[PDB]
Each structure stands twice: as structure tokens, then as C-alpha cells.
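Below you'll find the structure, written out as C-alpha cells, and then a few comments.
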Amino acid sequence: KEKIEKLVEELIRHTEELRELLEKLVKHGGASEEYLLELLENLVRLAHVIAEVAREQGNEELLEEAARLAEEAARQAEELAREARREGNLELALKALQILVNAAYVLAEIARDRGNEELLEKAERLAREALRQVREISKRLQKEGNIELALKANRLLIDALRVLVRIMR
Amino acid sequence: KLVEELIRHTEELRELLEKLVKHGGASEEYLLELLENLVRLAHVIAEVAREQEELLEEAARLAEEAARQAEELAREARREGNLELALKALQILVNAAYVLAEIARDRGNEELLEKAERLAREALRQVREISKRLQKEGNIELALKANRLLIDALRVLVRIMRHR
Amino acid sequence: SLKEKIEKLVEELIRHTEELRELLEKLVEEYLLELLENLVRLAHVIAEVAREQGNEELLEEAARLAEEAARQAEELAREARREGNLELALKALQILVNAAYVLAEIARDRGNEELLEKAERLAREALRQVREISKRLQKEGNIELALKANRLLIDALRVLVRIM
């Protein structure tokens with residue numbers, strides 16, 4: 001478990017630097033918003049990976065670090081959805097909520113596994129906003145009659161329901 | 001909770017899309033993508049019916065309705081020559097079999113396990129028959145992707161065979 | 001004879017995939033990689049079938065399919081890294097990294113510390129190769145592939161932790 005705890009540094013160190021290369025190149029007139037979203041999806045995936053390694057080793061210095069990254073990634077995701085919702089890019093908004101819903105499960109998968117109920121409600125708080133937000137977006141997509149984006153909105157409403165069941169069981 | 005609103009509302013998206021595919025309004029693939037969402041909802045309901053039978057029966061009625069629509073639509077695309085849509089539609093039946101098995105095998109309905117097992121074998125046979133044609137027609141891109149379906153279809157039989 | 005009719009269906013898949021292996025190796029580029037991704041999935045499926053029926057010969061066939069994919073994948077990764085085709089190189093390591101999990105899922109259930117020792121080398125070497133391309137891609141002003149290279153390094157670290 002010595003090198004296994006050490007091997008986590010290479011990914012976390014490279015990712016924290018890789019987040020900056022995309023966080024500074026996206027403020028200039030160059031990079032689009034959607035490329036940063038995939039990085040957020042990459043961040044929550046690392047948070048989930050750190051959670052799966054921390055269960056075997058039981059290192060609380062890594063479960064909390066996965067949650068710190070997960071909460072920071074989910075919080076940034078909600079803002080990007082809010083920013084895109086006024087501009088009319090519905091594909092980007094639904095891509096952001098999918099990131100938020102998945103990030104809630106990582107927070108749940110951690111509180112229930114660790115036992116700390118301090119954040120077990122906070123996963124629901126993120127997930128509750130997504131189900132309400134996508135439902136409002138689904139009706140607008142249903143009203144506009146744009147089926148390609150509307151069909152994708154249904155996938156989020158279904159995938160959000162899977163998270164709600166997992167936080168109770 | 002919310003599952004009542006979604007099952008009705010998602011079925012409502014099925015009704016608007018079932019008439020636009022019949023009339024000229026909808027390309028078949030857009031109707032196909034909804035089926036993938038339909039089978040996905042049934043599995044979510046199945047995990048809810050365990051942790052929380054009236055929902056298990058609703059998931060099987062809803063899931064089976066997606067599998068039946070897939071086999072019939074697959075036959076139409078198989079006869080028309082559009083093989084890519086036929087292989088994509090046939091996958092929906094394979095995907096629907098796991099939802100039906102996990103819902104029959106965990107509900108004791110032994111007869112429903114016979115219908116779940118039957119669909120994947122026929123789908124695997126149809127996809128195997130579709131796989132052979134793609135090798136002869138020289139279409140390599142669709143043939144290997146069709147092979148991935150036959151491999152992933154075989155996985156369904158093992159999950160329904162080991163648990164028997 | 002439960003696993004008797006299943007072992008017949010699995011024989012067809014190993015033969016049909018090996019038959020498709022000759023057609024895709026004879027035309028020669030990325031489509032050959034797609035065969036590896038489709039092939040390694042069969043190795044994991046056959047391994048889960050051999051653990052269920054206890055057939056050791058199916059383990060030998062499952063390891064044969066898995067092991068040849070890692071050798072075929074690593075060579076293209078070295079070739080694709082030098083040709084500038086970095087997207088093709090990243091796909092080869094992704095196929096290479098995923099194939100290592102099949103060896104672990106096999107070795108521990110088969111009990112072979114020689115094959116289990118070699119798997120760790122494959123995932124660790126690939127992770128550094130994915131890391132080395134990530135650093136080189138970071139120097140190139142292309143962020144998009146760096147995102148995909150970064151995702152592999154995350155999944156490469158995930159596989160290495162379980163194989164230990």
C-alpha cells in the first residue's frame with residue numbers, strides 16, 4: 001500500500017496542472033466553454049477513482065481530497081449551466097447537468113461508504129437542483145419541438161433518477 | 001416520487017415520436033434512440049422496486065414494449081438493405097433482455113426468464129446472420145461493429161444461464 | 001447440460017472473431033484497433049464463462065485472446081507515437097490498458113503469479129506512456145487530445161491500484 005498511495009500523486013499532480021492549462025486558455029478569446037466541461041467530467045472521474053482506491057486503503061487524506069475535488073467540480077458545473085442557460089446553447093447546458101448528476105453520485109458513494117452523514121444530504125442538494133433544472137429544460141425542449149436535444153434531455157431525467165435511488169439504499 | 005411523472009411523460013415522448021416516424025416526420029434512428037432511453041428507465045425502476053412488485057410489473061410491461069418494437073423495426077430495416085439501422089435496432093433487444101432477466105430472475109417469474117432468454121438467442125442469431133452478410137458484402141466497418149454486438153449479446157445469455 | 005449449449009455458442013465466437021482477425025490484418029489503420037477493442041471484450045466474456053463452468057481450457061483460450069491483444073497493441077503505440085498520429089496512439093494504449101484488467105481478472109481466479117506479474121508491467125508501462133504523451137501533448141498547444149490523454153492517465157491509475 002506504500003507505492004499505491006504514492007502512485008495517486010502523479011495523477012492528482014498532473015490533473016491539477018492540466019486544469020490550469022484549460023482554465024487559463026479558456027478566458028482568452030480562444031477556447032470554448034464545452035472543452036472546460038469535459039475537464040470537469042475528467043475531474044469527477046478522478047474523484048470517483050480516488051474514492052475507489054481509498055476504500056481498500058482507508059486513507060481519509062484521499063476520500064476527502066476526492067470530495068474536495070468533487071464538490072469543487074460540481075459547484076463549477078452548476079455555474080456553467082447557469083451561464084449557458086441564458087445564452088441559448090441547450091446542448092452545453094444538458095452536458096453540464098450530466099456532469100453535475102454524476103458528481104452527486106461520487107459524493108453519495110463516499111458518504112455512505114465512509115459513514116459520514118455530514119455530506120449525505122449535500123449530494124441530494126446538488127441532485128435536487130439538477131432534476132428540477134432538467135425538468136424545466138425538458139418542457140422548453142418539448143415546447144420548442146426540437147427532438148434531438150429533447151431526446152437527450154430525457155436521458156438525464158432517467159439517469160438522475162438512478163442517483164436518487166442509490167442515495168437511499 | 002418522480003417515477004410516476006417520468007413514466008407517463010417519457011411514454012408521452014414515445015407517442016409524439018411514434019407518429020412522426022410513421023408519417024414522414026421522424027427518421028427511424030431518432031425513434032431508435034428513445035428506445036435506448038426507454039430500456040434505461042426500466043432498469044432504474046427495477047432497482048427501485050427492490051429497494052422500495054407494482055413497479056417491477058410496470059418495468060417489465062414498459063421494457064418488453066421496447067423490446068417488441070425493436071425486433072419488428074429491426075426486421076423492417078433488415079429487408080430494406082439499411083443494415084446499419086438493423087444492427088443498431090437489434091442491439092436494443094439485447095439491451096432489453098438484461099432488464100427483463102434482472103427483473104424476472106429477481107422476481108421468481110420463471111416463465112419470464114424463458115422469454116428473456118429467447119429474445120437474446122434470436123437476436124444473437126439474427127445479428128449472427130447479419131454479421132455473415134457484412135463479411136460477404138465487403139463492408140468491414142459495419143461487420144466488426146456487428147461482431148461487437150454478437151459478443152455483447154453472448155454476455156446476456158451467460159447472465160441468464162449461470163443464474164438459472 | 002446447462003453449460004453444454006453455452007460452450008457451443010462460445011466456440012463460434014472465438015472462431016468467428018479469429019476469422020475476422022485475418023480479414024482485417026490482410027488489408028493493411030484505426031479499424032484494426034477497433035478489432036482489438038472488440039476482441040478484448042471477448043477475452044473478458046470468455047474468462048467470466050470459464051470461471052462459471054470451471055473449464056480450464058476456456059481459461060487458456062481466454063488468456064490466448066487477451067495476451068495477443070496486448071502485444072499487438074503495444075507495437076502500434078510505439079509506431080503511432082512516432083508517426084505524429086497521436087490520436088491513434090492514445091487509442092492503442094486505451095486498448096492496451098483495458099486488456100491488462102482481463103489478465104488480472106484471470107490470474108487471481110486462475111492462480112498464476114507469472115501472468116499476474118506481467119500484467120502489472122503492462123499497465124504501469126502504459127500509464128507512463130500515456131503520461132509521457134500527456135506531457136508532450138501539453139507542450140503542443142492542442143488541449144483537446146490532452147483531455148483524452150488525461151482521462152487515460154486517470155483510468156490507467158485506476159487499473160494499477162486494483163492489480164496490486
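We name chains A, B, ... following the order of the C-alpha cells; residues begin at 1 in each chain, and ligands are numbered from 1 as shown.
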
ask   = Please, which residues of chain B lie no more than 7 Å from chain C when the count uses only C-alpha atoms, and can they be set out as a PyMOL selection string?
value = chain B and resi 144+148+151+155+162

message = For a quick test of understanding: name the residues of chain A lying within 10 Å of chain B when counting only C-alpha atoms, and present them as a PyMOL selection string.
response = chain A and resi 131+135+142+145+147-148+150-152+154-166+168-169

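Near chain A, within 7 Å and using only C-alpha atoms, the residues of chain C are residues 147, 151, 153, 154, 158 and 161 of chain C.
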
Export of the given selection (N, CA, C and O atoms) as an mmCIF file, in the first residue's frame:
data_model
loop_
_atom_site.group_PDB
_atom_site.id
_atom_site.type_symbol
_atom_site.label_atom_id
_atom_site.label_comp_id
_atom_site.auth_asym_id
_atom_site.auth_seq_id
_atom_site.Cartn_x
_atom_site.Cartn_y
_atom_site.Cartn_z
ATOM 1 N N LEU C 147 -6.949 16.347 -23.058
ATOM 2 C CA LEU C 147 -8.077 15.928 -22.233
ATOM 3 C C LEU C 147 -8.303 14.425 -22.327
ATOM 4 O O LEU C 147 -8.569 13.766 -21.315
ATOM 5 N N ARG C 151 -7.624 11.584 -19.395
ATOM 6 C CA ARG C 151 -8.618 10.604 -18.966
ATOM 7 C C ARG C 151 -8.024 9.203 -18.886
ATOM 8 O O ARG C 151 -8.370 8.425 -17.990
ATOM 9 N N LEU C 153 -4.822 8.528 -18.237
ATOM 10 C CA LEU C 153 -3.963 8.509 -17.058
ATOM 11 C C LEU C 153 -4.782 8.335 -15.788
ATOM 12 O O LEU C 153 -4.308 7.731 -14.819
ATOM 13 N N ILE C 154 -6.010 8.855 -15.772
ATOM 14 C CA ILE C 154 -6.892 8.627 -14.635
ATOM 15 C C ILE C 154 -7.322 7.166 -14.599
ATOM 16 O O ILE C 154 -7.221 6.494 -13.566
ATOM 17 N N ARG C 158 -6.391 3.941 -12.156
ATOM 18 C CA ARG C 158 -7.454 3.135 -11.564
ATOM 19 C C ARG C 158 -7.202 1.642 -11.734
ATOM 20 O O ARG C 158 -7.493 0.853 -10.828
ATOM 21 N N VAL C 161 -4.117 0.320 -9.418
ATOM 22 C CA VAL C 161 -4.401 0.175 -7.993
ATOM 23 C C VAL C 161 -5.050 -1.174 -7.699
ATOM 24 O O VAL C 161 -4.720 -1.828 -6.701
#

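Distance-wise, atom CA of residue B:104 and atom CA of residue B:53 end up 10.9 Å apart.
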
query = Which polymer residues have any atom within 12 Å of an atom of residue A:111, counting only C-alpha atoms, with same-chain residues fewer than 3 positions away left out, as a ChimeraX atom specification?
reply = /A:51,55,60,63-64,66-67,104-108,114-124,166-168

Just write the chosen residues, N, CA, C and O atoms, as a tab-separated table (two decimals), in the first residue's frame.
chain	number	residue	atom	x	y	z
A	51	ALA	N	-11.88	7.69	-4.77
A	51	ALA	CA	-12.78	7.06	-3.82
A	51	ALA	C	-12.67	5.54	-3.86
A	51	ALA	O	-12.71	4.88	-2.81
A	55	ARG	N	-11.15	3.17	-0.48
A	55	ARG	CA	-11.91	2.18	0.28
A	55	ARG	C	-11.02	1.01	0.69
A	55	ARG	O	-11.15	0.49	1.81
A	60	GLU	N	-8.17	8.55	4.89
A	60	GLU	CA	-9.06	9.70	4.93
A	60	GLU	C	-8.43	10.94	4.31
A	60	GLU	O	-9.15	11.91	4.02
A	63	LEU	N	-10.07	10.25	0.58
A	63	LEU	CA	-11.51	10.36	0.40
A	63	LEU	C	-11.96	11.81	0.45
A	63	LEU	O	-12.79	12.24	-0.36
A	64	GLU	N	-11.43	12.58	1.40
A	64	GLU	CA	-11.77	14.00	1.50
A	64	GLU	C	-11.23	14.78	0.31
A	64	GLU	O	-11.86	15.72	-0.16
A	66	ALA	N	-10.89	13.56	-2.68
A	66	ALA	CA	-11.81	13.25	-3.78
A	66	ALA	C	-13.09	14.07	-3.65
A	66	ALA	O	-13.64	14.54	-4.65
A	67	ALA	N	-13.57	14.25	-2.41
A	67	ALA	CA	-14.76	15.06	-2.18
A	67	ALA	C	-14.48	16.54	-2.40
A	67	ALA	O	-15.34	17.27	-2.90
A	104	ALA	N	-22.76	14.09	-8.18
A	104	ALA	CA	-23.52	13.86	-6.95
A	104	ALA	C	-23.38	12.41	-6.49
A	104	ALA	O	-23.29	12.15	-5.28
A	105	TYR	N	-23.35	11.47	-7.43
A	105	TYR	CA	-23.22	10.06	-7.07
A	105	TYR	C	-21.87	9.79	-6.42
A	105	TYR	O	-21.77	8.96	-5.50
A	106	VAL	N	-20.81	10.45	-6.89
A	106	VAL	CA	-19.49	10.28	-6.28
A	106	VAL	C	-19.51	10.77	-4.84
A	106	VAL	O	-18.88	10.18	-3.95
A	107	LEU	N	-20.22	11.87	-4.58
A	107	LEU	CA	-20.34	12.36	-3.22
A	107	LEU	C	-21.16	11.41	-2.37
A	107	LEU	O	-20.87	11.20	-1.19
A	108	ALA	N	-22.21	10.82	-2.96
A	108	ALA	CA	-23.00	9.84	-2.23
A	108	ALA	C	-22.20	8.57	-2.00
A	108	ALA	O	-22.12	8.07	-0.87
A	114	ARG	N	-18.08	5.75	3.60
A	114	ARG	CA	-17.32	6.16	4.77
A	114	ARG	C	-18.18	6.11	6.03
A	114	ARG	O	-17.71	5.68	7.09
A	115	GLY	N	-19.43	6.55	5.93
A	115	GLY	CA	-20.35	6.60	7.06
A	115	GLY	C	-20.70	8.01	7.50
A	115	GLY	O	-21.69	8.19	8.21
A	116	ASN	N	-19.91	9.00	7.09
A	116	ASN	CA	-20.17	10.38	7.47
A	116	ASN	C	-21.45	10.90	6.83
A	116	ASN	O	-21.52	11.07	5.61
A	117	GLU	N	-22.46	11.17	7.65
A	117	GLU	CA	-23.71	11.77	7.20
A	117	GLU	C	-23.61	13.28	7.06
A	117	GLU	O	-24.62	13.94	6.77
A	118	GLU	N	-22.41	13.84	7.27
A	118	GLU	CA	-22.23	15.29	7.15
A	118	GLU	C	-22.49	15.75	5.72
A	118	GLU	O	-23.03	16.83	5.50
A	119	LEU	N	-22.11	14.94	4.73
A	119	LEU	CA	-22.34	15.29	3.34
A	119	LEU	C	-23.40	14.45	2.65
A	119	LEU	O	-23.65	14.67	1.46
A	120	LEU	N	-24.04	13.50	3.33
A	120	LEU	CA	-25.01	12.66	2.64
A	120	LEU	C	-26.21	13.47	2.17
A	120	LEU	O	-26.86	13.11	1.19
A	121	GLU	N	-26.55	14.54	2.89
A	121	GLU	CA	-27.58	15.47	2.46
A	121	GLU	C	-27.09	16.38	1.33
A	121	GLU	O	-27.89	16.82	0.50
A	122	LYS	N	-25.79	16.69	1.30
A	122	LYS	CA	-25.28	17.63	0.30
A	122	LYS	C	-25.32	17.04	-1.10
A	122	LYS	O	-25.47	17.78	-2.08
A	123	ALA	N	-25.16	15.72	-1.23
A	123	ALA	CA	-25.32	15.09	-2.54
A	123	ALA	C	-26.74	15.29	-3.05
A	123	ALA	O	-26.95	15.62	-4.22
A	124	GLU	N	-27.73	15.10	-2.16
A	124	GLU	CA	-29.12	15.33	-2.52
A	124	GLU	C	-29.35	16.79	-2.93
A	124	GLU	O	-30.14	17.07	-3.84
A	166	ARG	N	-29.96	5.41	-5.46
A	166	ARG	CA	-28.69	4.99	-4.86
A	166	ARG	C	-28.37	5.71	-3.56
A	166	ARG	O	-27.62	5.16	-2.74
A	167	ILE	N	-28.90	6.92	-3.33
A	167	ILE	CA	-28.59	7.63	-2.09
A	167	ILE	C	-29.45	7.19	-0.92
A	167	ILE	O	-29.19	7.59	0.22
A	168	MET	N	-30.49	6.39	-1.18
A	168	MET	CA	-31.33	5.88	-0.11
A	168	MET	C	-30.96	4.45	0.28
A	168	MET	O	-30.97	4.10	1.47

task = Please identify all polymer residues within 9 Å of residue B:117, counting only C-alpha atoms, omitting same-chain residues fewer than 3 positions from it, and present them as a ChimeraX atom specification.
result = /B:97,101,112-114,120-122,156-157,160-161

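Using only C-alpha atoms, the nearest neighbour of residue C:125 within the list C:56, C:7, C:29, C:74 is C:74.
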